[PDB]
Structure formats: structure tokens, C-alpha cells
Amino acid sequence: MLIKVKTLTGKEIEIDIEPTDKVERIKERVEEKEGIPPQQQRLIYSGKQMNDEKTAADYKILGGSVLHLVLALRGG
Amino acid sequence: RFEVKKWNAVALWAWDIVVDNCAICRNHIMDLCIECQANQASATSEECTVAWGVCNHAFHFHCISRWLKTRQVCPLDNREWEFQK
Amino acid sequence: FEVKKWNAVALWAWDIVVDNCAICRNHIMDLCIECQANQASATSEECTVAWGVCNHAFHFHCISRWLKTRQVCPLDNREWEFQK
Amino acid sequence: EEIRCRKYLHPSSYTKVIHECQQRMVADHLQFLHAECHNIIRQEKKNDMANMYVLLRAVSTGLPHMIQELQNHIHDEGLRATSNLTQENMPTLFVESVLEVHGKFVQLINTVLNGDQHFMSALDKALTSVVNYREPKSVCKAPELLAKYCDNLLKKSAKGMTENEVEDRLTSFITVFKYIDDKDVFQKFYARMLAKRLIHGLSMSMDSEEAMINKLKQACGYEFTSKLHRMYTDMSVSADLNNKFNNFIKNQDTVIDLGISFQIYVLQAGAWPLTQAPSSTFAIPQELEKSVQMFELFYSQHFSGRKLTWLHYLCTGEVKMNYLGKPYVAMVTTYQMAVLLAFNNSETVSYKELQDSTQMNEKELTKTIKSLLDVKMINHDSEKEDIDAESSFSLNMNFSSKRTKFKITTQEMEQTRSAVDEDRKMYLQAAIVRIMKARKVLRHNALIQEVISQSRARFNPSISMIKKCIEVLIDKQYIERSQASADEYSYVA
Amino acid sequence: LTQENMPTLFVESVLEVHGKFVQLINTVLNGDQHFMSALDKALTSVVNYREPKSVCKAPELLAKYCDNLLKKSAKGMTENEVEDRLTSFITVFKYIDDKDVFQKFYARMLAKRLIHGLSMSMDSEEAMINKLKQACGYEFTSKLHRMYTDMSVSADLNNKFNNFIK
Ligand SMILES: [Zn+2]
Ligand SMILES: [Zn+2]
Ligand SMILES: [Zn+2]
Ligand SMILES: [Zn+2]
Ligand SMILES: [Zn+2]
Ligand SMILES: [Zn+2]
């Protein structure tokens, strides 16, 4: 399951995580191709933000979509 | 009325007397294969693909396919064949 | 006299293909098409290879006639110049 | 000892005593030194390296182990500086990383290690072994990446590198280019990607293209660049051919008009990677048949013994709107222009009825019409998903374009470069505060090293841009600078 | 230069000149890429030197130098020494700026060096051909590499033909 999440400049994030995975580790790879550390990006799933494991099936199991992450600091 | 403004076309030129040919079939590279033009023209045709490989030579798909039946090398320079441009 | 052994070098190419003087569209081993006609006029000895920078093979009549009005090899557009 | 023998011995035995000192103080303890070699060369202890080299060159079989260890260490530093790179900016980062490793190790060998030729050969061999490091069961990923790097350095990008700077950068490109094992594949991508630059008008300047083409001619044989060079020495004369063709129009044998600019780019069929189209046959639009045939005659008489093939595949043209309001200069591929011309003839457009006009295969005709409707130049009158032989089409008046000379998909590069540089700064914003959550205090110069370490696998960060970006955290009340020490910093959280 | 021993002495002279200068570049002037490129241009014009209105000498001379290096000579040059020379030879070879001609002269005197058995050893030419492709591509040394393989096959074909006797 490829990821095409936009960013502050409409960039790309490669989560490469299936809908059965948790956003605690799914967002780790998404920001790995972006630059942010995993425990720093408050990823917003077009109306909600991940918390704890946050299994990707909860967010409608969307394929790629446009996840406009929040780049707030001091979240670790 | 859609009126055209500028047309930056291209063109490829070769000397007319010197025709690039599939070395197995010897026919014109845009023409049919030697078996396409003689055996399977009526049946299907439009299937003599111009193959390009790491050898970067000119071939017909059927010609090179029958060449590859009993050997593996390009029949112009004896390299290793891949037909992958 | 008898020979115990001798090393014979040989050149091999696939018989379906052949190096050709594409100007006359004939074999290098065979004659050029302009000396194919009126062959009794000339002994055709001068129908040999003209090796050059282009690394091609031609009948000398054909390549010389091409250089009469052109200045490039008829396979690659390079400045033709005899080598061997 | 050498001072002693010079002071007390006849010169005829100067070299023996020093040689015999070495074979009892630095040779018989070769196991000790060679065991130390790994550590003494791994941490780049430069003084220790210099002493090691001066004491190892003396022994007969002393240099090779240090040669092998330097080769292994350069290999490791190559992989560590050339792995897990970002897929977004791989080529520039790859070339820059290899150049950085090469420059630093040339410095180390030929300033401290004395620049022995064996060490330089070891550098060359190891760095060759790393700049073609294939993934297991995968093709080498070096040629395509360096092709992309050169193709980005030659485009008229918003970077705007000066000519002397780009010449120096391309000399460095030659330095990193002399290691790729399969250089044939490299010019197979380069020829493909020089076709794009010399047919879409994306070259920065013909001077730079000529400099690069001729620069390959000394790092590889003239035969290697024959296909490459014959393209550039065919575009640089093509404009002159357009001038001569227009002069042939000025013969005025009859009243002739073209209704078009007609810039032509005849290319050599052998050395140009443009494929002679196996499929997608085409019939020239009737608006332009006369110009086609007149150009054919001009290329016939003025250049005898030549046959054209009219590669429409990459033919790019432009057309004016049919007065639908908001006049836009529409540029499309000649595949698309004929379809839209038959569309101009009558508003109702059947796919089957346009099969005759275009006279082309449907598999790419559908692609062309799909690209037309992506910007809604054409609309699908039927609501069925894809385009069949019975699909109906007409004009979509209400579509608007913010540009008259709008573009169909193949000075906007300035905005993208700023956005990319902004994301560089944005990541740098997202790199500073992590150290603040690690030690909460760092020096002015010590913070810079952490930024580069955090961005080791990412873009190379500029030192000056760190200072400008770190001040964004000051006025945002995030972090602050101590009054007593300008180097000392702290954050409110 | 002495015409009897022109190639080897020529290569030694140009290589020692290059070595001394490149040592001088960064031991003294910190090794700017500007000075390295200037040295490249200068030695390129040096090794390419020719009498005006005449053919050049560099391709023929380096072809004969590599012929000397790979020759089965009575001086007893060892495999390590000749391989080190060839690794040093590539540095000189880069400056020719007319390489494709050198490939033709080298190829012709490889046929002489192959049929007559004058090669140093058939596993030492691999250290030469594969040291060229890495510096000039695969289409540069393609004719050479089809030639060298023919020795290590046709000879085997010899034992594949004498068996055909049996
Ligand atoms: Zn064929
Ligand atoms: Zn066929
Ligand atoms: Zn071939
Ligand atoms: Zn002929
Ligand atoms: Zn004749
Ligand atoms: Zn030629």
C-alpha cells in the first residue's frame, strides 16, 4: 500500500504500510522519506490525528490519499 | 476555427540507397518479416516488431525469435542478447 | 617434405548475413553492381575493400563514386578517409 | 640513529645501519603494527597515520596490509555515505557524496600519507567498487543516477549556476564518472536524456552542451561519443536549415503560404535515440499537408539522395482557439492537434468518424483524447467510463486557463526551487529542537555539526542558512540565546 | 628520445612528470580543482604534441608501450610489476584525447601478440582489457574482448575437435 500524503509544500511521504498496520509505525516511514523523525509529525487523516498504535484500518483504510500531517515540534 | 500557430516537428533522414535491414531477413526494417511477408501476412500481419537490444542492432521479432531457438548470441556482433534496447 | 603440425587461423561469420557494400547493395566478396554490368570492360581487380575511419567495408568504385559528390560514409555521417 | 651514524660513521654505511635498525625495531614487530593498523586507520588519526606510513614504507612487506586496510575503510565510508539516500534528491546527493569522499581522502592521502601511488590506486579501486554497488540480484544503480545528475546540471533550472561554476562542476562530474564499470549503459541513458534536452529546448546553452559532449571525448574515446556528438552537431545546423528552407520559400515559384512558423529539426536517423515508430501510423492534418510536401521537395532538390520518415511521435506544435472566448494559445502534440482539428470541423465528434481523419491506432489515440479531456479541451458526451469506438465528444466552453499559452503535460521553475528550498529549511526547523530535547544547551558551532549529522542521509545543509533559519525559533518564542554566552542557547519548553 | 626504446621511455617520462606535478599541486597549493584541471589541459597538450601538418605519435607510441609491457620478454618482469605499470599506464592513457585511434593500433598488434604466442600469459591480458573498459566503456573495448575470448575457447575447441577424431 503506497502512500501519497501531501505536506506543507505538497511533498510526498512514503509510508508503504498496509491498512492493517498501526500509524505509530506507519508514520515512521512516511516521514522517513520526508525528513521528520517518527515521533514528531502529528499526522492528520483528513479530520483526525493518530494516537497510540492507531491502526490504519480505523481511518477508513484509505489507499494513499492526502494525509496533511502537522509539523508541530516538541511532540516527542 | 482552430488555426495552427507553430509546428516544431522533427524528421529522421537516411541515405535512400543504404537501407537498414533486419540482417536475418534482409527485408526493409519497416517492411514485413521474411516469414511475415511470405507465411503469416494473410493470417495476422502487423506483427514484425523492430527489436532493439543492448547490441543496439536492427532485427525483426520473428527473425530474431527463430535465431534464438538454437543459440543465444546476436547475429551481427556475437554479444549476449537481451532485446531490451 | 612432410609437416608434423601447422596452426591454421580461420575467420567465421554466420552465413545468413554478410558484410556488404551497401552502396551497390551487393556482397563484399561479390562485385559491385556497376561492374556487374559491362564486366568485360574492366578486369574488376580494383573492386577491393576501402577500409577507413568509419570501419565499414565497400567496393572501391561505389565509395569513390559516393565521394565524387558527397564527403561522408553512407552508413554514418562521418568524414570519410581511407585507412587500408 | 641517523644523526648518530652521520656524526660517527663513514658515509658508505649510512643506509645499512638505518636499514638494520628498521629490520630490528619496525620489521620484527610487524604483527604488533599490523594488528594496530585497523584501529590506527579506522578513526582517521592523522598524526598516527603519518607515523605509520613513515615507519611502514621502510619494511619490505609492510605497505600491503595498510593498503588493504585503507581500501576497506574507504569502502565502508563509501557505503555509509552512499546508502539509504532520499529517492527525491538521489542524483545530486549521490554525486556530491562521492565527490566529498574522494576529495577528503585525496586530501588525507596526499597531504598526510605523502600521496604514495599505491594508496591512490587503492582509493581508485575501492571507490570504483562502491560507485557501482549493485543491490543483490539488481542492476547497477550508478549510470542512471549520474545521467540524471548531468541532465539536471544542464537544464535551464532556476539554480542559474554561472558558466565557470558549471564547468568546474562538470570537471568534478568527469572525476566521479571515470569509475562506473559499465560506461556503455551511462551513455545509453545520456543519449536518451540528451534527446529530451535538444528537442524540447531545455538546454541551458549550446555552449554548455558542447562543453559536456567534448569533455566526454577526452575521458572516453571519440567512438564513445559519436552518437552523442552527432546530435549536437545536428541541432546547431538545424536552425540554419530552417533559414535555408524559408529562403527556398522565398523563391516564390507560386503563391505559397504556410500559415505557420514551421521550425523544423531534422535529426540523423542513426545516432538519435528517437525510435522509428513501430506502430501509431499517422495521416498529416490537411491544414499542413502543403507545408509537408513543400518541405519534402526542398529537402529533395537542395539535398539529393535523402529519404525522410516524418517522426510525428515527438512532434510538438501549437494552435489558436476556435474563437470560443478567452483566447488561449493551445500547444499540443501533433497526435492531439489532428483529433482536435476534426473536432473543430464539427462539434459532434464520434470516435469512429475520427478514426478516418487521424488514421492511427486506438491505444494511443485514447491516450491523446484522455490528455485532451484532462484539461477538458474535449468532453465525453457519453457518461461511460473509458473511450470506445462509439464515444461522443464536443466543446467544453466553461473551462478556463490562467495562462493563454497553457501547457499540455509532457517561468515556473523559480517557485518550485523556492518550495524545495523551503522544505529544506522546513526540515531544518524540524532538526534543531530534537537536540534541545536531548541536552537542552548547545554551542553556536556545536549545533551546526548536529544538523549535518541529522541530515547525513539527506541534503547537504548550508551553514549560513542555518543561522537564518535558527532565528525563526527566536522570534517564535521557541528557543533563546544566553546573554553571557552567545554560543549558549536554551528553549522555553 | 631514443627511437629504439621510444615507447617505454616516453611513458616513463610523461608519467614521472605527471607524478611530480600532481605531488606539487596539493603538497604546496592545497590541491584546488582549478590547478588539477590546468594540469590536465597542460599535459593533454603535452602528450598530444605532434609535428605540424603530420600525424601524431601518441597512439602508436602507447600502443607499442603496452606491447612491450605485455610481451613475453626475457627481462623477467613479474606479474605484479606489469600489473602495477598497467594501473599506472591508465593515468597516462587518459590524456590522449584521440583514444579511438589508439584502440585501432592496439588491436592490430594484439593479433600479432596472440597468434604468435608472444603474450606474457593469457591470464595477464585480462588485467589489461578489463582495465580499459573500466576507463573507456564497453563499446570501446568490444573488438578486443571478442578476440581474447577466442583464444580461451578455440583452444578448448581443439580438444572439442580431437575428441571428434575419436
Ligand atoms: Zn527480419
Ligand atoms: Zn517476422
Ligand atoms: Zn550485433
Ligand atoms: Zn559496391
Ligand atoms: Zn567495380
Ligand atoms: Zn562509416
# chains A, B, ... in the order shown; residues from 1 in each chain; ligands from 1
$ select_by_dssp --residues "chain A" --states "strand (DSSP E or B)" --output "number ranges by chain"
A: 22, 42, 44, 49, 55, 70
$ interface_residues --of "chain D" --to "chain A" --cutoff "7 Å" --atoms "only C-alpha atoms" --output "number ranges by chain"
D: 86, 419, 427, 430
$ closest_atom_pairs --of "chain E" --to "chain B" --cutoff "12 Å" --atoms "only C-alpha atoms" --output "JSON lines"
{"residue": "E:138", "atom": "CA", "partner": "B:54", "partner_atom": "CA", "distance": 10.8}
{"residue": "E:139", "atom": "CA", "partner": "B:55", "partner_atom": "CA", "distance": 9.7}
{"residue": "E:142", "atom": "CA", "partner": "B:79", "partner_atom": "CA", "distance": 9.1}
{"residue": "E:143", "atom": "CA", "partner": "B:77", "partner_atom": "CA", "distance": 9.1}
{"residue": "E:145", "atom": "CA", "partner": "B:79", "partner_atom": "CA", "distance": 10.3}
{"residue": "E:146", "atom": "CA", "partner": "B:78", "partner_atom": "CA", "distance": 8.1}
{"residue": "E:147", "atom": "CA", "partner": "B:78", "partner_atom": "CA", "distance": 11.2}
{"residue": "E:149", "atom": "CA", "partner": "B:78", "partner_atom": "CA", "distance": 11.4}
{"residue": "E:150", "atom": "CA", "partner": "B:78", "partner_atom": "CA", "distance": 11.5}
$ write_last_selection --atoms "N, CA and C atoms" --output "PDB file, in the first residue's frame"
ATOM      1  N   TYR E 138      32.261  -0.040 -22.735  1.00  0.00           N
ATOM      2  CA  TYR E 138      32.199  -1.382 -23.292  1.00  0.00           C
ATOM      3  C   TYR E 138      32.269  -1.408 -24.808  1.00  0.00           C
ATOM      4  N   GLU E 139      31.758  -0.385 -25.489  1.00  0.00           N
ATOM      5  CA  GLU E 139      31.902  -0.344 -26.937  1.00  0.00           C
ATOM      6  C   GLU E 139      33.299   0.055 -27.374  1.00  0.00           C
ATOM      7  N   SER E 142      35.361  -3.601 -27.213  1.00  0.00           N
ATOM      8  CA  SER E 142      34.482  -4.698 -27.589  1.00  0.00           C
ATOM      9  C   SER E 142      35.134  -5.620 -28.606  1.00  0.00           C
ATOM     10  N   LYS E 143      35.846  -5.052 -29.579  1.00  0.00           N
ATOM     11  CA  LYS E 143      36.578  -5.879 -30.528  1.00  0.00           C
ATOM     12  C   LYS E 143      37.689  -6.646 -29.831  1.00  0.00           C
ATOM     13  N   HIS E 145      37.773  -7.676 -26.679  1.00  0.00           N
ATOM     14  CA  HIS E 145      37.293  -8.708 -25.771  1.00  0.00           C
ATOM     15  C   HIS E 145      36.661  -9.881 -26.503  1.00  0.00           C
ATOM     16  N   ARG E 146      36.228  -9.698 -27.750  1.00  0.00           N
ATOM     17  CA  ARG E 146      35.838 -10.859 -28.541  1.00  0.00           C
ATOM     18  C   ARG E 146      37.057 -11.600 -29.061  1.00  0.00           C
ATOM     19  N   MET E 147      38.175 -10.899 -29.231  1.00  0.00           N
ATOM     20  CA  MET E 147      39.393 -11.566 -29.667  1.00  0.00           C
ATOM     21  C   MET E 147      39.974 -12.422 -28.552  1.00  0.00           C
ATOM     22  N   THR E 149      38.654 -13.743 -25.913  1.00  0.00           N
ATOM     23  CA  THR E 149      37.853 -14.915 -25.584  1.00  0.00           C
ATOM     24  C   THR E 149      38.093 -16.046 -26.576  1.00  0.00           C
ATOM     25  N   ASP E 150      38.345 -15.712 -27.847  1.00  0.00           N
ATOM     26  CA  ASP E 150      38.522 -16.740 -28.869  1.00  0.00           C
ATOM     27  C   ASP E 150      39.696 -17.660 -28.563  1.00  0.00           C
TER      28      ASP E 150
END
$ select_by_dssp --residues "chain C" --states "alpha helix (DSSP H)" --output "list in words"
residues 33, 34, 35, 36, 60, 61, 62, 63, 64, 65, 66, 67, 68 and 69 of chain C
$ interface_residues --of "chain C" --to "chain D" --cutoff "12 Å" --atoms "only C-alpha atoms" --output "VMD selection string"
chain C and resid 23 53 to 55 66 69 to 70 74 to 79
$ interface_residues --of "chain D" --to "chain B" --cutoff "6 Å" --atoms "only C-alpha atoms" --output "number ranges by chain"
D: 260-269, 305-311, 315-322
$ closest_residue --among "C:52, C:67, C:2, C:27" --to "chain E" --atoms "only C-alpha atoms"
C:52
